[PDB]
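Novice: Okay, here's the structure, questions in a sec.
2 protein chains.
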Amino acid sequence: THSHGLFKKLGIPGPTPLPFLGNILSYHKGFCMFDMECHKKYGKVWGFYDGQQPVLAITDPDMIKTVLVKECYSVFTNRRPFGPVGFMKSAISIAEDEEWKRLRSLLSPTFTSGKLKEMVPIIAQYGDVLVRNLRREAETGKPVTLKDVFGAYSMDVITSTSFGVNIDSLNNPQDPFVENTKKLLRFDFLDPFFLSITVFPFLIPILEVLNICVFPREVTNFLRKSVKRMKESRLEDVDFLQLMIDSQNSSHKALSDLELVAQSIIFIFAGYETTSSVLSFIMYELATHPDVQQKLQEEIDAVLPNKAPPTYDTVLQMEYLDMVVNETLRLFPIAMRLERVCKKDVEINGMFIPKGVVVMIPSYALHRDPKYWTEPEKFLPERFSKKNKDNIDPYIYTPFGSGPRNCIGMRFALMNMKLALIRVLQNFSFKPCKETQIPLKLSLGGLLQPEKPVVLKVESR
Amino acid sequence: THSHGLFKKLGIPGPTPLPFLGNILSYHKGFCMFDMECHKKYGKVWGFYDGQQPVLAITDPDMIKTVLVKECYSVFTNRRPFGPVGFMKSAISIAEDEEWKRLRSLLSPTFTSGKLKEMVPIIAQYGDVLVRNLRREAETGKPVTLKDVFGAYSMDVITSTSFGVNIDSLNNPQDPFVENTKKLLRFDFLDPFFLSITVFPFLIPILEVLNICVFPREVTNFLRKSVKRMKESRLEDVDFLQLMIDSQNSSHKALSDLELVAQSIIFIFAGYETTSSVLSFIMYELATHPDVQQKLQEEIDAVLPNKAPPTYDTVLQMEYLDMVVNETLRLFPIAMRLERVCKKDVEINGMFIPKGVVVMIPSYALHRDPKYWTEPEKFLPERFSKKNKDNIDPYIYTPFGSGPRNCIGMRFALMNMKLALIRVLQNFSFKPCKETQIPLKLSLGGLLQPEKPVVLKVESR
Ligand code: HEM
Ligand code: HEM
Ligand SMILES: O=C(CCc1cccnc1)N[C@H](CS[C@@H](Cc1ccccc1)C(=O)NCCc1cccnc1)Cc1ccccc1
Ligand SMILES: O=C(CCc1cccnc1)N[C@H](CS[C@@H](Cc1ccccc1)C(=O)NCCc1cccnc1)Cc1ccccc1
Numbered sequence: 027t028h029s030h031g032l033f034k035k036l037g038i039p040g041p042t043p044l045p046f047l048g049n050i051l052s053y054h055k056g057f058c059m060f061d062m063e064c065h066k067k068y069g070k071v072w073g074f075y076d077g078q079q080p081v082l083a084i085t086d087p088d089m090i091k092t093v094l095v096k097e098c099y100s101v102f103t104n105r106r107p108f109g110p111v112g113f114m115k116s117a118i119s120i121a122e123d124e125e126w127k128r129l130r131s132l133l134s135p136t137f138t139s140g141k142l143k144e145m146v147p148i149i150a151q152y153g154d155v156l157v158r159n160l161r162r163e164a165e166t167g168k169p170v171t172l173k174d175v176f177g178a179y180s181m182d183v184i185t186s187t188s189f190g191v192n193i194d195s196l197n198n199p200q201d202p203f204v205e206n207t208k209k210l211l212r213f214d215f216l217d218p219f220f221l222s223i224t225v226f227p228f229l230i231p232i233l234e235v236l237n238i239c240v241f242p243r244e245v246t247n248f249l250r251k252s253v254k255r256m257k258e259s260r261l262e263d269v270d271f272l273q274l275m276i277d278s279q280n281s286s287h288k289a290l291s292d293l294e295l296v297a298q299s300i301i302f303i304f305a306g307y308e309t310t311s312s313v314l315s316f317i318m319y320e321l322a323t324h325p326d327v328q329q330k331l332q333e334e335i336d337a338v339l340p341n342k343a344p345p346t347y348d349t350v351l352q353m354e355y356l357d358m359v360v361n362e363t364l365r366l367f368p369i370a371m372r373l374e375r376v377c378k379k380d381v382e383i384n385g386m387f388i389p390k391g392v393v394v395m396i397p398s399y400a401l402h403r404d405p406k407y408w409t410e411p412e413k414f415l416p417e418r419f420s421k422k423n424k425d426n427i428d429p430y431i432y433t434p435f436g437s438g439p440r441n442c443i444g445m446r447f448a449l450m451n452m453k454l455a456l457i458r459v460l461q462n463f464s465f466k467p468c469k470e471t472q473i474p475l476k477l478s479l480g481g482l483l484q485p486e487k488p489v490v491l492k493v494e495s496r
Numbered sequence: 027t028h029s030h031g032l033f034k035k036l037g038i039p040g041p042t043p044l045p046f047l048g049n050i051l052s053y054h055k056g057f058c059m060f061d062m063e064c065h066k067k068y069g070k071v072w073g074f075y076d077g078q079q080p081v082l083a084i085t086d087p088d089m090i091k092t093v094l095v096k097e098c099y100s101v102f103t104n105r106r107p108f109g110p111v112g113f114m115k116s117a118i119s120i121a122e123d124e125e126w127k128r129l130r131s132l133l134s135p136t137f138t139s140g141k142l143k144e145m146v147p148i149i150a151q152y153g154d155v156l157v158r159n160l161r162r163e164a165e166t167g168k169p170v171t172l173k174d175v176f177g178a179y180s181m182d183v184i185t186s187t188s189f190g191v192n193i194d195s196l197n198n199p200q201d202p203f204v205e206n207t208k209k210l211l212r213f214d215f216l217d218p219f220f221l222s223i224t225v226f227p228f229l230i231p232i233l234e235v236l237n238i239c240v241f242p243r244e245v246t247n248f249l250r251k252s253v254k255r256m257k258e259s260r261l262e263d269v270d271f272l273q274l275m276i277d278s279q280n281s286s287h288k289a290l291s292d293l294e295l296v297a298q299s300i301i302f303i304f305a306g307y308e309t310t311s312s313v314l315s316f317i318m319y320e321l322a323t324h325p326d327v328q329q330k331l332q333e334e335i336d337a338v339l340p341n342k343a344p345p346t347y348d349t350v351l352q353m354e355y356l357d358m359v360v361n362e363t364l365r366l367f368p369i370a371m372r373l374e375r376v377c378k379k380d381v382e383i384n385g386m387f388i389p390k391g392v393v394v395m396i397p398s399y400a401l402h403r404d405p406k407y408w409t410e411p412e413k414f415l416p417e418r419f420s421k422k423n424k425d426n427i428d429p430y431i432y433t434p435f436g437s438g439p440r441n442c443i444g445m446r447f448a449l450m451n452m453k454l455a456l457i458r459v460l461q462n463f464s465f466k467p468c469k470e471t472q473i474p475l476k477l478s479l480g481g482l483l484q485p486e487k488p489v490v491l492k493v494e495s496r
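Chains as they are written, first to last, in PDB author numbering: chain A, 27 to 263, 269 to 281, 286 to 496; chain A', 27 to 263, 269 to 281, 286 to 496. A prime marks a further copy of an entry chain.
Quick look at the structure:
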């Protein structure tokens, strides 16, 4: 209890922390339930301790804007430190201060609307591959696991949009390029290892000196040389790798060869499990709400008659599709929390925040607050209609974060998931099965995923 | 050898480092001899590794000025990190960046010429106490250990100038205020513990979590409450403590109660062993060079006839005394090295210095370089005469450092040591004894102290 008397001093309420452990024992229900309860007991501002690390939770929209937008470069610039990361310190997700701002600029033109429009035909090719693999399982007459069929699709999109490798991952399960990427899994920060790290942050320097890395050394070395071969096999003869090689041929230094591999890993970590997991939550909501699925199938057929292929402009034309995606992200924000580290003794919106405190934003908790959402736990896509989309605070609904350090691949993820939804709904309808978890239960761990895999009925139109 | 290929890359020469150990095995001769040899093999710029910590040594005066003066606030602002320090992170010697610049401003008016002139009568009282204790050992007819008789004097000056406690430390060896201060000793950075810290910097966070501190917890707690009692016993009814209490009654926050104790400890650590050790080197040079001692005794009697007491203005009037002090500090710079941490990827005087490299200045080595000093190893006080003092580069002879992070107690130390020299030379002459080490040998460790204690003959005038 070296720093366990900080919130009691400032008059900030919070759960009483145990020595050394802090409030980590309250995570037995998960990040989601611990945040909703604390928002109920203590109100708009409260604090707790991840071991000895003080964590201050804020829920005021004006104060969230100051943290994410206003005082970003000066104060709240970096995220919660974690390790051991090894060479992955050079990744944009982990870099801090000027190293981050240099990396953010070197990768910003990669995610413009112009580059995304050129990636549409490539991504769309695997939409047709997704249908053929789904139609073979549709004539099977048995339930289908969504994250398996969606995992293969997201895999194909990553391998093509990031490295220009075109594989049918579902039909090539033993492909060398597919086998390594499936070894990358989302970090469970409530698992025994990462919890021990949070309780024993002083053990991180020991793991770093032993070359131990939370990123498996095998997968990193595989991509570290696959790039240096493609940097010498493509050279000389539209993917993420090509756009990064063009960047080092111009803040304000060129992108390093090792840094190139770091951001490539971060792109795979981003658009793989997240895309497949979000697409699964959507098809769960479409199957349990057939009225919503039927209405969307009728909107798609209007813009795209005769099952016409979607384009960059026809996707952005669909609004009910955007409503369904936004509503699903509300009930399942894979981020759950948004965190920033306070680097100075500052005072924002009439409250003193000392140096070193991690400022946290319970995104999942604010998405289900009755103070802003009527019938929060219900799947009502009409909240995001142009009629009602104005009654939504842009700092309460933040599925892609906000400010200079938001999700740099937002429009890519949205376009990727919508293209999948469109082609799938142009050929199939989805019915609930017997083993379908109704209502779905979220995992008690540190990841926003269902307890049991989503299984539904797939029929051909 | 994670970072052991940095100097080989930049083309900077240096001794070949062993894995994990680096170049620490070369310290078997001491900081002094390792620096002189490296200045001889590799020239003006070279590098080595304290374990895995790269250390770049520079000897160009224009480049030293850029590090200590020009690019101080922007780049070279902090010193080499070391620990565990505990609460002593709040001390000016250890604080970094804005915490340091806030502390430096809060303590700068404490060391002005006005405050020092008011401390002269208090310090001068223990000059008379020093003579009586020396005259009793003068009629003894036996050799006298200088650091013992000088240690008591420096002790009395600290206890009076910092806390207003007036004790005859030599005649009160069991005084509670004297017993704790003698427990503070200069840190030997070549001892088994601090060497293990340099080789295992990742063990510092473990020692910090165990409340282990290189400053003994007993002495710290003693002064931590002695201040809070004197802050409530003096209150309400010219020392360092009083000047600091007046500062918190005005960058830009008041000085903390805990921070007050931190700087008090740093003052004791500064002006105790250093003052007694430097005063010993001077009396060694005066005894081995009687021509110098006789000339200084004649300069003192001119300004101060009939053994008149010295004042703030009569001390600054003496020039040969200043010459002798400066020349002794040349041959025995207790700093030996001057170090700064490079916080950015900068490039100064046509050389790239990456982030995290400790920039070092071999002060001891430059003080004995024949390229700037004729007959370096000889005690020739005439180098600092107004005739020849102009042929001295202010960035080669830096006994008190240089720049915004120099010794903030320079003029206090000089005035303190000169007052001691004047009163002592007004009543005694110093002859070499049989057990007197001639020539004196420096310690092979990490401290600039003699191998054997200086013993001389003391006679009454
Ligand atoms: C449904 C899909 C996705 C969602 C909901 C999502 C959400 C988020 C959120 C909430 C953040 C943190 C924002 C903040 O800290 O304020 C973030 C960061 C980030 N996202 Fe995503 N993301 C998704 C997919 C992707 C994809 C496909 C990419 C492709 C490159 C990507 C790249 C990144 C990066 C690099 C960051 C870190 C940015 C930085 O630290 O500067 N994300 N994402
Ligand atoms: C013969 C006596 C002394 C010598 C030769 C000496 C020398 C030095 C040197 C070389 C430095 C480092 C300068 C740099 O990094 O560039 C230093 C720092 C310092 N000295 Fe002294 N010193 C002496 C006595 C004292 C005394 C009596 C005090 C009383 C307060 C003192 C207070 C300090 C402090 C606080 C620092 C650190 C300054 C900072 O980090 O901002 N020193 N000293
Ligand atoms: O950017 C990516 C990764 C790519 C991505 C994923 C999803 C969406 N967009 C991008 N994570 C970003 C946050 S850093 C992540 C560690 C990481 C993990 C992988 C790579 C780099 C750093 C973390 O939460 N540390 C917290 C440390 C901690 C917590 C509790 C207790 N003790 C320690 C943004 C993000 C995260 C989660 C969802 C959405 C966005
Ligand atoms: O300011 C004081 C102390 C007071 C003082 C003493 C003498 C003159 N004036 C002031 N030290 C200052 C330097 S920090 C000292 C640690 C310290 C020690 C005590 C308190 C705070 C920090 C250090 O060298 N770390 C290096 C870490 C290291 C080295 C090698 C290998 N691995 C690790 C200035 C100074 C030092 C020496 C002589 C003159 C000035």
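Ideal Cβ placement from N, Cα and C applies to all residues, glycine included.
Any beta-carbon of chain A closer than 8 Å to the one on A':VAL235?
Specialist: yes
Novice: If we ignore side chains and look at the alpha-carbon of each, how far apart do A:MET371 and A':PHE46 end up?
Specialist: 42 Å
Novice: Apart from the five residues just before and just after A':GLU294, which ones in its own chain have a Cβ nearer than 6 Å to its Cβ?
Specialist: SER116
Novice: Over what stretch of residues does the beta strand (DSSP E) that includes A:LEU82 continue unbroken?
Specialist: 79–84
Novice: By DSSP's criteria, A:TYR75 is part of a beta bridge. Which residues make up the other side?
Specialist: A:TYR75 is bridged to A:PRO80.
Novice: Please determine whether the Cβ atom of A':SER119 lies at a distance below 7 Å from any heavy atom of ligand 4.
Specialist: yes
Novice: When you compare only the Cα positions, how much space is there between A':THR27 and A':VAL393?
Specialist: Answer to the nearest angstrom: the Cα atoms are 17 Å apart.
Novice: Express the C-alpha separation of A:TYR99 and A':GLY306 in angstroms, rounding to a whole number.
Specialist: Cα to Cα, A':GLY306 sits roughly 42 Å from A:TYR99.
Novice: Would you please state the rounded distance, in angstroms, between the beta carbons of A:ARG403 and A:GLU412? I believe it to be under 8 Å.
Specialist: 6 Å
Novice: To the nearest angstrom, how far is it from the Cα of A:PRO107 to the Cα of A:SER119?
Specialist: 11 Å
Novice: In whole angstroms, what separates the C-alpha of A:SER420 from that of A:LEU364?
Specialist: 15 Å
Novice: Sorted by chain position, which residues of the same chain lie with C-beta nearer than 8 Å to A':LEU160's C-beta, five sequence neighbours on each side aside?
Specialist: Same-chain partners within the cutoff: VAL170, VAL175, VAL459, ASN462, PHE463, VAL493.
Novice: Extract the residue ranges of the alpha helix (DSSP H) inside the region 142–207 of chain A, only unbroken runs of 4 or more that lie entirely within it.
Specialist: Every unbroken stretch of the alpha helix (DSSP H) spanning 4 or more residues and falling wholly within the region 142–207 of chain A is given here in chain order: 172–189, 202–207.
Novice: Find the residues of chain A that neighbour A':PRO45, judging by a C-beta separation of less than 7 Å, and give them in chain order.
Specialist: Within chain A, not a single residue places a beta-carbon under 7 Å from that of A':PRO45; the smallest gap is close to 12 Å.
Novice: At least one CB of chain A' closer than 8 Å to the CB of A:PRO434: is that the case?
Specialist: Cβ-Cβ to chain A' under 8 Å: no for A:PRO434.
Novice: Kindly list, in the order they appear in chain A', the residues whose Cβ is closer than 7 Å to that of A:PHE228.
Specialist: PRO231, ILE232, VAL235
Novice: For ligand 4, is there any heavy atom lying closer than 7 Å to the beta carbon of A':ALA297?
Specialist: no
Novice: In terms of alpha-carbon separation, which member of A:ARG255, A:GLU262, A:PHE113 lies closest to A:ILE238?
Specialist: Comparing Cα positions, the closest option is A:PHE113.
Novice: Can you grab the Cα-Cα spacing for the pair A:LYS34 / A:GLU124, in whole Å?
Specialist: 34 Å
Novice: Measuring only the C-alpha atoms, how far is A':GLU63 from A':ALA297?
Specialist: 37 Å
Novice: Helix, strand or coil for A:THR409 per DSSP?
Specialist: coil
Novice: Using 8 Å as the cut-off, can you tell me whether the region 80–95 of chain A' makes contact with the region 376–387 of chain A', which would need three or more C-beta pairs spanning the two stretches below that distance?
Specialist: yes
Novice: Closer than 8 Å by C-beta to A:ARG446: which residues in its own chain qualify, once you throw out the five before and the five after it? Chain order, please.
Specialist: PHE137, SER139, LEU142, listed in sequence order.
Novice: On the DSSP bridge assignment, give the partners of A:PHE463 in chain order.
Specialist: A:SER495
Novice: Within its chain, find whatever has a CB closer than 7 Å to the CB of A':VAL245; leave out the 5 residues flanking it on each side and keep chain order.
Specialist: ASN206, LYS209, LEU210
Novice: Measuring only from the beta carbon, is A:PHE316 closer than 7 Å to any heavy atom that is part of ligand 4?
Specialist: Placement of the Cβ of A:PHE316 at a distance of 7 Å or more from every heavy atom of ligand 4 is found.
Novice: Suppose you measure from the CA of A:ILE369 to the CA of A:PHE304; what does that come to, to the nearest Å?
Specialist: Their backbone Cα atoms lie some 13 Å apart in a straight line.
Novice: State yes or no: is the C-beta of A:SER398 within less than 8 Å of the C-beta of A:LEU94?
Specialist: no
Novice: Ordered along the chain, which non-local residues of its own chain (more than five positions away) have a Cβ less than 8 Å from that of A':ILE184?
Specialist: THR207, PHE302, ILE303, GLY306, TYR307
Novice: Taking the alpha helix (DSSP H) that A':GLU97 falls in, what are its first and last residues?
Specialist: It is not in any alpha helix (DSSP H) - A':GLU97 carries neither H nor E in the DSSP assignment.
Novice: Ignore the nearest five residues each way along the sequence and tell me which others in A':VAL155's own chain have a CB closer than 7 Å to its CB.
Specialist: Once the five neighbours on either side are set aside, the close Cβ partners of A':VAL155 are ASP182, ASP194.
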